[PDB]
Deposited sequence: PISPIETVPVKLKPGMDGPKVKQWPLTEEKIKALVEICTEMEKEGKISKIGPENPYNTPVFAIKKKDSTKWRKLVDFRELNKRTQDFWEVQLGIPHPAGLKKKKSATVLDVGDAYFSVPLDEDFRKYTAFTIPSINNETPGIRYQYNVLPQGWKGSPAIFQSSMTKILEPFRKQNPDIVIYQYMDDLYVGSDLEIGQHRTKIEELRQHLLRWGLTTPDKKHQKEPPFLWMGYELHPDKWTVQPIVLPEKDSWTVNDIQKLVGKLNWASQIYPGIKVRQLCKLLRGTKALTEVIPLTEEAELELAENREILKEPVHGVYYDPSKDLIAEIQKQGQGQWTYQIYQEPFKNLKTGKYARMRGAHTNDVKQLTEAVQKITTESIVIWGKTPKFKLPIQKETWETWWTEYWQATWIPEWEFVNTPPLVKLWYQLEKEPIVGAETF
């Protein structure tokens, strides 16, 4: 065929990312996988004259006994030239009742990759205990997970989807990297069939389900407003916890007043000493309570800014997240309810999927876990075909107190 010349952002060089240690199981998997991709020429072994490197992982397919090879092309995509016709984000997707995700990465393996770019796709299969060189490869076809691949296949893609799109324009179809987000409002039963049909309508040209194969439901997604304790009697402690949370939240909703509540806190009373609430204080709480019933006004999403996400471990298998771009200016806030890591990763993928669906981009996460732990286990529970960017942090015991 004809390969479309791709270039790195000006002046930039290729990635030389370290490969994180893999378990024999995952290593055995990747070997099996790559050996066949080689026979079929999707990949080729490389020489020492290639200094670049990208991390590969093996993850499980949900409801499939097969392994998926996952290449962390995050640094590569970052150094890859932007693309200059786009298929913008259908705001209509978030509203749809049901949405299913399909892995269409196999499509890319039918398009050749510009011979001069191939070197940058180098990745390595590590060897246990370094007893062997480590199998080195590079791509010849468009690789799954590279930002270029969807772009370069856009044409060939719109083509195969014009018929279903007009023969079924009640369905919204969004593509993001290796994923295809199919949305509708049909009955969950109708949905599954219209879906299956697109599967073969795709098989016709040359898609196992994603996110448990399972369903999604963007209509039922809502913000987790800041809440206050609604209790019988109010003790001194209760009130301090109250004022503290209030004060904190005042920075967002400046309409919150604490004056009357802070007045019940005069004197050095016994923390357990119950305090009946005055009339003024009673109205004050109520007003504050009204103000919090909804997300602060004025917060709009800026396509030119990063989408940030923070997660908090609440306990009992419960987490709290917030997606914003500017401090205190949340675009969204949510909740999520095995082991700590498994949960967290399911949550991350969940929040990412939402970001994609709502804005069409992945968030930059802040996780409450040590790097080595994450690096160690994330691939054991991961199922997405994309990888959000992430960093690690030390959650301040107060912020957690202020959520959920």
Where does the model skip over parts of the deposited sequence? 1-4, 89-91, 214-224, 356-361, 429-440
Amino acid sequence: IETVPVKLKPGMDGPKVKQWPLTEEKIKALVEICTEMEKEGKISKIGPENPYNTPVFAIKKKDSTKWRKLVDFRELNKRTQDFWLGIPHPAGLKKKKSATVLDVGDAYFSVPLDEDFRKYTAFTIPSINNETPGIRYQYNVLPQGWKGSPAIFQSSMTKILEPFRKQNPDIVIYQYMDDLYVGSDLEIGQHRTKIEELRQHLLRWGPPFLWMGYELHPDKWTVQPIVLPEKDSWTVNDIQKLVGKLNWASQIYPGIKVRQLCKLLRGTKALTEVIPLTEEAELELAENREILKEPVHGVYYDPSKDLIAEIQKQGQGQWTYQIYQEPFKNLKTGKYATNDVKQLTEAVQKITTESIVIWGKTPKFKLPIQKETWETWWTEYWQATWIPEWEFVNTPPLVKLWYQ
From here on, numbers count along this sequence of modelled residues.
Please work out which of 8-16 and 391-399 has the higher mean CA B-factor as recorded in the PDB entry. 391-399
For the C-alpha atoms alone, is the average B factor greater in 321-329 or in 133-141, going by the entry? 321-329
Using the temperature factors in the entry, find which of 73, 209, 253, 248 has the highest value at its Cα atom. 209
Which of 151, 87, 285, 125 ranks first by CA B-factor in the deposited coordinates: 87
Going by the recorded CA B-factors, say which third of the chain residue 362 sits in, lowest, middle or highest. middle
Residue 293: C-alpha B-factor third of its chain, per the entry, is the middle
Using the B-factor values recorded in the entry, state whether the Cα atom of residue 302 falls in the lowest, middle or highest third among the modelled residues of its chain. middle
Sorting the chain's CA B-factors, does residue 77 end up in the lowest, middle or highest third? lowest
Can you work out whether the C-alpha temperature factor of residue 339 puts it in the lowest, middle or highest third of the chain? middle
